[PDB]
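Novice: Dropping in target_28.cif, with mmCIF, C-alpha atoms.
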data_final
#
loop_
_atom_site.group_PDB
_atom_site.id
_atom_site.type_symbol
_atom_site.label_atom_id
_atom_site.label_comp_id
_atom_site.auth_asym_id
_atom_site.auth_seq_id
_atom_site.Cartn_x
_atom_site.Cartn_y
_atom_site.Cartn_z
ATOM 1 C CA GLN I 2258 12.634 3.305 25.050
ATOM 2 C CA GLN I 2259 9.821 5.464 26.378
ATOM 3 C CA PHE I 2260 11.870 5.575 29.564
ATOM 4 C CA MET I 2261 14.667 6.577 27.187
ATOM 5 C CA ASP I 2263 17.422 6.581 21.914
ATOM 6 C CA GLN I 2264 13.931 5.234 21.263
ATOM 7 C CA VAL I 2265 14.957 4.072 17.769
ATOM 8 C CA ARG I 2266 13.808 0.547 18.581
ATOM 9 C CA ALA I 2267 10.455 1.885 19.787
ATOM 10 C CA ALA I 2268 10.029 3.827 16.544
ATOM 11 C CA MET I 2269 10.937 0.849 14.361
ATOM 12 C CA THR I 2270 9.080 -1.836 16.342
ATOM 13 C CA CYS I 2271 5.569 -1.431 14.925
ATOM 14 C CA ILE I 2272 6.429 -2.103 11.267
ATOM 15 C CA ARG I 2273 7.790 -5.575 12.019
ATOM 16 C CA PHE I 2274 5.281 -6.261 14.814
ATOM 17 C CA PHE I 2275 2.233 -5.698 12.590
ATOM 18 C CA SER I 2276 3.324 -8.543 10.289
ATOM 19 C CA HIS I 2277 4.096 -10.844 13.244
ATOM 20 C CA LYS I 2278 2.325 -14.123 12.373
ATOM 21 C CA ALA I 2279 -0.150 -12.950 9.732
ATOM 22 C CA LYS I 2280 -2.697 -15.464 8.419
ATOM 23 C CA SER I 2281 -5.860 -13.530 7.473
ATOM 24 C CA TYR I 2282 -7.586 -10.149 7.610
ATOM 25 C CA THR I 2283 -10.722 -10.849 9.691
ATOM 26 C CA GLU I 2284 -8.763 -10.530 12.937
ATOM 27 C CA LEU I 2285 -6.533 -7.797 11.477
ATOM 28 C CA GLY I 2286 -8.760 -5.022 12.861
ATOM 29 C CA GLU I 2287 -7.602 -6.099 16.323
ATOM 30 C CA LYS I 2288 -3.815 -5.743 16.187
ATOM 31 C CA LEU I 2289 -3.634 -3.513 13.112
ATOM 32 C CA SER I 2290 -3.222 -0.453 15.375
ATOM 33 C CA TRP I 2291 0.470 -0.399 14.403
ATOM 34 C CA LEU I 2292 -0.400 1.672 11.324
ATOM 35 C CA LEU I 2293 -2.010 4.426 13.400
ATOM 36 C CA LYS I 2294 0.851 4.220 15.902
ATOM 37 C CA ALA I 2295 3.462 4.588 13.144
ATOM 38 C CA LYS I 2296 1.602 7.510 11.584
ATOM 39 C CA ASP I 2297 1.402 9.252 14.974
ATOM 40 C CA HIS I 2298 5.053 8.589 15.841
ATOM 41 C CA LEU I 2299 6.289 9.705 12.417
ATOM 42 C CA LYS I 2300 4.201 12.882 12.686
ATOM 43 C CA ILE I 2301 5.623 13.601 16.146
ATOM 44 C CA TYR I 2302 9.162 13.007 14.846
ATOM 45 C CA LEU I 2303 8.660 15.343 11.880
ATOM 46 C CA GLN I 2304 7.210 18.019 14.174
ATOM 47 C CA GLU I 2305 10.117 17.648 16.609
ATOM 48 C CA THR I 2306 12.580 17.987 13.733
ATOM 49 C CA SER I 2307 10.631 21.093 12.773
ATOM 50 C CA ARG I 2308 10.759 21.897 16.488
ATOM 51 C CA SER I 2309 14.505 21.206 16.199
ATOM 52 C CA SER I 2310 15.123 24.691 14.822
ATOM 53 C CA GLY I 2311 17.160 25.764 17.852
ATOM 54 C CA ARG I 2312 20.691 24.891 18.926
ATOM 55 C CA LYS I 2313 19.999 21.231 19.772
ATOM 56 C CA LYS I 2314 22.749 18.717 19.012
ATOM 57 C CA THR I 2315 22.823 15.311 17.286
ATOM 58 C CA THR I 2316 24.108 13.634 20.442
ATOM 59 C CA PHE I 2317 24.736 9.898 20.359
ATOM 60 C CA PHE I 2318 21.261 9.269 21.790
ATOM 61 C CA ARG I 2319 20.550 9.967 18.124
ATOM 62 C CA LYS I 2320 22.318 11.549 15.140
ATOM 63 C CA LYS I 2321 21.460 13.989 12.375
ATOM 64 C CA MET I 2322 19.726 12.915 9.182
ATOM 65 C CA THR I 2323 16.536 13.761 7.326
ATOM 66 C CA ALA I 2324 13.159 13.553 9.072
ATOM 67 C CA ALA I 2325 11.473 13.252 5.701
ATOM 68 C CA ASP I 2326 11.904 9.630 6.745
ATOM 69 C CA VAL I 2327 9.197 10.435 9.301
ATOM 70 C CA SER I 2328 7.232 12.497 6.769
ATOM 71 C CA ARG I 2329 7.112 9.385 4.543
ATOM 72 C CA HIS I 2330 6.847 6.700 7.233
ATOM 73 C CA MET I 2331 3.583 8.306 8.286
ATOM 74 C CA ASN I 2332 2.615 7.736 4.654
ATOM 75 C CA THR I 2333 3.736 4.108 4.868
ATOM 76 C CA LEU I 2334 1.355 3.963 7.829
ATOM 77 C CA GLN I 2335 -1.628 5.763 6.280
ATOM 78 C CA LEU I 2336 -1.656 6.001 2.473
ATOM 79 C CA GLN I 2337 -1.953 2.227 2.011
ATOM 80 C CA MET I 2338 -5.544 2.402 3.296
ATOM 81 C CA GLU I 2339 -6.840 2.739 -0.277
ATOM 82 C CA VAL I 2340 -5.761 -0.686 -1.513
ATOM 83 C CA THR I 2341 -6.145 -1.994 2.036
ATOM 84 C CA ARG I 2342 -9.864 -1.203 1.924
ATOM 85 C CA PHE I 2343 -10.332 -2.254 -1.707
ATOM 86 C CA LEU I 2344 -9.024 -5.674 -0.657
ATOM 87 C CA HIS I 2345 -10.378 -6.046 2.896
ATOM 88 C CA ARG I 2346 -13.962 -4.915 2.279
ATOM 89 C CA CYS I 2347 -14.129 -7.430 -0.569
ATOM 90 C CA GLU I 2348 -12.463 -10.253 1.383
ATOM 91 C CA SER I 2349 -14.894 -9.780 4.282
ATOM 92 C CA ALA I 2350 -17.793 -10.977 2.105
ATOM 93 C CA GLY I 2351 -15.657 -13.667 0.452
ATOM 94 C CA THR I 2352 -15.332 -11.829 -2.877
ATOM 95 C CA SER I 2353 -11.524 -11.409 -2.613
ATOM 96 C CA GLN I 2354 -9.683 -14.735 -2.411
ATOM 97 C CA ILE I 2355 -6.930 -14.214 -5.026
ATOM 98 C CA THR I 2356 -4.429 -12.443 -2.784
ATOM 99 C CA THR I 2357 -0.690 -12.932 -3.156
ATOM 100 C CA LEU I 2358 0.552 -15.351 -0.496
ATOM 101 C CA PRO I 2359 2.915 -12.793 1.115
ATOM 102 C CA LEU I 2360 0.656 -9.960 -0.120
ATOM 103 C CA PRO I 2361 3.584 -7.632 -0.877
ATOM 104 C CA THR I 2362 2.584 -4.334 0.712
ATOM 105 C CA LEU I 2363 4.041 -0.891 -0.022
ATOM 106 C CA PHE I 2364 7.227 -1.977 1.784
ATOM 107 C CA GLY I 2365 7.952 -4.531 -0.953
ATOM 108 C CA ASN I 2366 10.114 -4.084 -4.023
ATOM 109 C CA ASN I 2367 9.070 -2.090 -7.089
ATOM 110 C CA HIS I 2368 6.908 -4.888 -8.468
ATOM 111 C CA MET I 2369 6.093 -6.083 -4.947
ATOM 112 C CA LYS I 2370 4.816 -2.668 -3.886
ATOM 113 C CA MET I 2371 3.095 -2.329 -7.270
ATOM 114 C CA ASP I 2372 1.250 -5.604 -6.616
ATOM 115 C CA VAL I 2373 -1.151 -3.737 -4.309
ATOM 116 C CA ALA I 2374 -2.728 -1.860 -7.238
ATOM 117 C CA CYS I 2375 -3.974 -5.031 -8.944
ATOM 118 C CA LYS I 2376 -5.631 -6.262 -5.744
ATOM 119 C CA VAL I 2377 -7.107 -2.804 -5.148
ATOM 120 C CA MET I 2378 -8.631 -2.678 -8.623
ATOM 121 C CA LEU I 2379 -9.890 -6.270 -8.552
ATOM 122 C CA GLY I 2380 -11.181 -6.281 -4.967
ATOM 123 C CA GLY I 2381 -14.609 -4.801 -5.583
ATOM 124 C CA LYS I 2382 -17.383 -6.242 -7.707
ATOM 125 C CA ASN I 2383 -15.920 -4.451 -10.747
ATOM 126 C CA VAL I 2384 -13.058 -2.293 -11.968
ATOM 127 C CA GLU I 2385 -15.282 0.721 -11.288
ATOM 128 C CA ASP I 2386 -15.134 -0.206 -7.585
ATOM 129 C CA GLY I 2387 -11.418 -0.768 -6.990
ATOM 130 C CA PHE I 2388 -9.837 1.382 -9.713
ATOM 131 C CA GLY I 2389 -9.500 4.427 -7.455
ATOM 132 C CA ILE I 2390 -7.607 2.442 -4.824
ATOM 133 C CA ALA I 2391 -5.529 0.890 -7.611
ATOM 134 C CA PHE I 2392 -4.561 4.377 -8.792
ATOM 135 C CA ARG I 2393 -3.842 5.515 -5.223
ATOM 136 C CA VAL I 2394 -1.530 2.537 -4.678
ATOM 137 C CA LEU I 2395 0.162 3.036 -8.057
ATOM 138 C CA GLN I 2396 0.835 6.757 -7.599
ATOM 139 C CA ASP I 2397 1.893 5.955 -4.048
ATOM 140 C CA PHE I 2398 4.102 3.227 -5.497
ATOM 141 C CA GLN I 2399 5.154 5.352 -8.499
ATOM 142 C CA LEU I 2400 5.349 2.031 -10.357
ATOM 143 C CA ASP I 2401 3.815 0.518 -13.505
ATOM 144 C CA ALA I 2402 0.133 -0.061 -12.811
ATOM 145 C CA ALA I 2403 -0.067 -1.255 -16.428
ATOM 146 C CA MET I 2404 1.670 -4.562 -15.659
ATOM 147 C CA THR I 2405 -0.285 -4.974 -12.410
ATOM 148 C CA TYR I 2406 -3.599 -4.251 -14.152
ATOM 149 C CA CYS I 2407 -2.673 -6.725 -16.898
ATOM 150 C CA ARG I 2408 -1.870 -9.398 -14.298
ATOM 151 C CA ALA I 2409 -5.154 -8.747 -12.486
ATOM 152 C CA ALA I 2410 -7.090 -8.917 -15.761
ATOM 153 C CA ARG I 2411 -5.314 -12.157 -16.705
ATOM 154 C CA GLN I 2412 -6.199 -13.753 -13.361
ATOM 155 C CA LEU I 2413 -9.777 -12.489 -13.787
ATOM 156 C CA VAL I 2414 -9.924 -14.018 -17.269
ATOM 157 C CA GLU I 2415 -8.774 -17.204 -15.571
ATOM 158 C CA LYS I 2416 -11.659 -16.290 -13.262
ATOM 159 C CA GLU I 2417 -13.799 -15.863 -16.421
ATOM 160 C CA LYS I 2418 -14.607 -12.162 -15.948
ATOM 161 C CA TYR I 2419 -15.745 -11.493 -19.507
ATOM 162 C CA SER I 2420 -17.879 -8.475 -18.576
ATOM 163 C CA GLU I 2421 -15.009 -6.983 -16.561
ATOM 164 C CA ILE I 2422 -12.774 -6.874 -19.662
ATOM 165 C CA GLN I 2423 -14.340 -3.643 -20.935
ATOM 166 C CA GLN I 2424 -14.023 -2.038 -17.497
ATOM 167 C CA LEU I 2425 -10.387 -3.159 -17.283
ATOM 168 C CA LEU I 2426 -9.616 -1.622 -20.679
ATOM 169 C CA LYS I 2427 -11.366 1.589 -19.644
ATOM 170 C CA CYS I 2428 -9.304 1.685 -16.443
ATOM 171 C CA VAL I 2429 -6.068 0.925 -18.307
ATOM 172 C CA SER I 2430 -6.707 3.772 -20.757
ATOM 173 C CA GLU I 2431 -8.733 6.166 -18.536
ATOM 174 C CA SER I 2432 -6.927 7.055 -15.294
ATOM 175 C CA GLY I 2433 -3.793 7.631 -17.383
ATOM 176 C CA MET I 2434 -1.607 4.495 -17.217
ATOM 177 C CA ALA I 2435 -1.908 2.104 -20.180
ATOM 178 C CA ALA I 2436 -1.808 4.008 -23.456
ATOM 179 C CA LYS I 2437 -4.651 4.199 -25.968
ATOM 180 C CA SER I 2438 -2.623 1.878 -28.224
ATOM 181 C CA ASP I 2439 -1.767 -0.391 -25.274
ATOM 182 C CA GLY I 2440 -5.012 -2.316 -25.810
ATOM 183 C CA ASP I 2441 -3.205 -4.609 -28.235
ATOM 184 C CA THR I 2442 -0.338 -6.165 -26.245
ATOM 185 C CA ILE I 2443 -1.618 -5.616 -22.698
ATOM 186 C CA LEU I 2444 -5.090 -6.984 -23.387
ATOM 187 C CA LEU I 2445 -3.172 -9.804 -25.021
#
Would you mind writing the structure in this file as structure tokens?

Specialist:
Amino acid sequence: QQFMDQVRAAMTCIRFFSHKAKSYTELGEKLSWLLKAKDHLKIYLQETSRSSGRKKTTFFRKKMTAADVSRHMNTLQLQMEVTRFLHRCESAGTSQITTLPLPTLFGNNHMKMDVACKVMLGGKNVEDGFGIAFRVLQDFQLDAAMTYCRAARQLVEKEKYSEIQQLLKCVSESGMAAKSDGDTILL
């Protein structure tokens, strides 16, 4: 497709990155697909901006929005928050409770929201991963309240008594779980 309708070339990296995933220690090798997708999406958005002349939507392509590129670059890049809040913890063995498919930002509403809980709970405390949790949640535009509650429940199953206060502060501090939400959510 470089010799070329490079639509397959554009779409290849997203599926190729997840080709036979088992862990994150060797991720840093073949995880270049994120940078490649960000670069390709940026080039596509620029070219669409560069497509201000009389160019046609010939069958080698068509005409649609290139905000698809302007958000696929985000799919490539913005995930780095939760990605780090999970990977830096898992490198030292402090992050083992990861969802078996680990639903990334390409998952469903709850599946994409599942990144926020791992982001918050990756570090040694809520004060470590809460920023990445918020970045994933706003990126996801989903309910970080349910994800934070699930993470806190699994941490209670992990017996994180000291982390309960930090979890409540994160639920009612960044602006997600209401001040009165400490009843049912903490429950």

Novice: Translate the PyMOL selection byres ((chain I and resi 2290-2301) around 9), as applied to the file shown, into an explicit residue set as a ChimeraX atom specification.

Specialist: /I:2268-2272,2274-2275,2285-2289,2302-2306,2324,2326-2335

Novice: Quick check, in Å to one decimal: how far apart do CA of residue 2337 (chain I) and CA of residue 2421 (chain I) lie?

Specialist: 24.5 Å

Novice: Please report the interatomic distance between CA of residue 2281 (chain I) and CA of residue 2266 (chain I) in Å with one decimal.

Specialist: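 Calculated distance between CA of residue 2281 (chain I) and CA of residue 2266 (chain I) is 26.6 Å.
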
Novice: To one decimal in Å, tell me the separation between CA of residue 2409 (chain I) and CA of residue 2279 (chain I).

Specialist: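 Straight-line distance from CA of residue 2409 (chain I) to CA of residue 2279 (chain I) works out to 23.2 Å.
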
Novice: Determine the nearest neighbour of residue 2366 (chain I) from the options I:2384, I:2340, I:2414, I:2400, counting all atoms listed in the file.

Specialist: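 Once distances to residue 2366 (chain I) are computed over all atoms listed in the file, the minimum belongs to I:2400.
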
Novice: With the file shown as input, list the residues that the PyMOL selection byres ((chain I and resi 2341-2350) around 8) selects, as a list in words.

Specialist: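 So the PyMOL selection byres ((chain I and resi 2341-2350) around 8) ends up selecting residues 2282, 2283, 2337, 2338, 2339, 2340, 2351, 2352, 2353, 2354, 2376, 2377, 2378, 2379, 2380, 2381, 2382, 2386, 2387 and 2390 of chain I.
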
Novice: Using all atoms listed in the file, give me every residue within 10 Å of (-7.0, 0.3, -21.2) in file coordinates, as number ranges by chain.

Specialist: I: 2403, 2406-2407, 2422-2441, 2443-2444

Novice: Could you check the closest approach to residue 2419 (chain I) for each of I:2383, I:2396, I:2309, I:2442 and tell me which residue wins, using only C-alpha atoms?

Specialist: I:2383
